[PDB]
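Worksheet: the structure to be examined is printed underneath.
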RNA sequence: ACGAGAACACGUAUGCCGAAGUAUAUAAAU
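Numbering (the authors' numbering), first residue to last: 5 to 81, 85 to 304.
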């Protein structure tokens, strides 16, 4: 169980609905998708890295401090205002939060100190139209990009057998030169990675409790969802989009809509996910990653 | 098998226009 540190140094576009939307972190779906496409391009085998590996979502970090998503636990006060405005809780204070030891003023201070990047829109045009030869409008369009301070970035949580971890490290060595976002070929999204161990993160990841904090985007398989939702606090997130090299027409190929729990849901009955298939009318199967990575407290 | 994929904030035009470095007061007294 290692973590992988990511520093960017170039703006990255991550996207929700259009190109001119900017987003800070990315989900396990696009992460596994990038790993899988990099593997296929490299020509190695996918069986090893399909049904053994567990990937957690990407989360941001700052100078020396790491972050995790806000648990969706019922804190019984009544402000319900400063906490709603909080999105990430530093690791130093995680167990303090889950025991209701976080004060309103401390929450305000954390919100004040949480600057880890800013948003930008760069305007771009496209003269590929008749403009080159005849009177034709240049078509302006915008892309949403997000940048980090020189001491920031994203990090991973990965776990599995050591052989799978070695394969993952190889693939990431390959991948640091492809992208991890949107307009990869337009100049966005190259990174350097580094493997680090953290004593505090390790203790947090190997705790023992009664609840569970979901750190990835997963969906229970058909026969286990019924028992999964006995006592659950969760939010669903729709995940759609097109696919890369499935048929002749990109604009005719579009993945089937899929729904999965978010990255902060709390469950009482642990379930195992699966790599659901979201293909139809296609030559090769298309995958989406739904497999949980729990922390028990 | 990444709400992805194609996509030059791009093309036409200037520091110009008018204005004098002037206007006064002897190289002298013993």
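Ideal Cβ positions, reconstructed from N, Cα and C, are used throughout, including at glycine.
Hey, would you say residue i sits closer than 8 Å to residue j, going by beta carbons?
i, j, result
"residue 290", "residue 254", "yes"
"residue 165", "residue 48", "no"
"residue 150", "residue 23", "yes"
"residue 171", "residue 53", "yes"
"residue 156", "residue 123", "yes"
"residue 136", "residue 111", "no"
"residue 100", "residue 109", "yes"
"residue 240", "residue 265", "no"
"residue 242", "residue 269", "yes"
I'd like the list of long-range same chain contacts for residue i, defined as Cβ closer than 8 Å, with 5 residues on each side in sequence excluded.
i, result
"residue 95", "63, 64, 71, 72, 73, 74, 121"
"residue 59", "32, 35, 36, 39, 163, 164, 165, 223, 296, 298, 300"
"residue 287", "263"
"residue 228", "278, 279, 280, 281"
What are the partner residues of residue i, as DSSP defines its beta bridges?
i, result
"residue 58", "166"
"residue 123", "Answer is none; residue 123 lacks a bridge partner."
"residue 307", "Here the chain has residues from 5 to 304 only, and residue 307 is not among them."
"residue 129", "150"
"residue 297", "281"
"residue 266", "245"
"residue 216", "Its beta-bridge partners do not exist; DSSP assigns none."
"residue 96", "72"
"residue 64", "161"
"residue 191", "In DSSP, residue 191 forms no bridge with anything."
Grab me the residues of residue i's own chain with a C-beta within less than 7 Å of its C-beta, minus the 5 sequence neighbours each way, in chain order.
i, result
"residue 105", "75, 77, 304"
"residue 208", "7, 70, 98"
"residue 43", "50, 53, 178"
For residue i, count the other beta carbons within 10 Å of its own beta carbon; 16 or more makes it buried, fewer makes it exposed. Which is it?
i, result
"residue 258", "exposed"
"residue 168", "exposed"
"residue 87", "exposed"
"residue 193", "exposed"
"residue 272", "buried"
"residue 130", "exposed"
"residue 220", "buried"
"residue 182", "buried"
Give me, in chain order, the residues of the same chain whose beta-carbon lies closer than 6 Å to that of residue i; leave out the 5 immediate sequence neighbours on both sides.
i, result
"residue 18", "27, 30, 188"
"residue 11", "160, 199"
"residue 145", "132, 134, 138"
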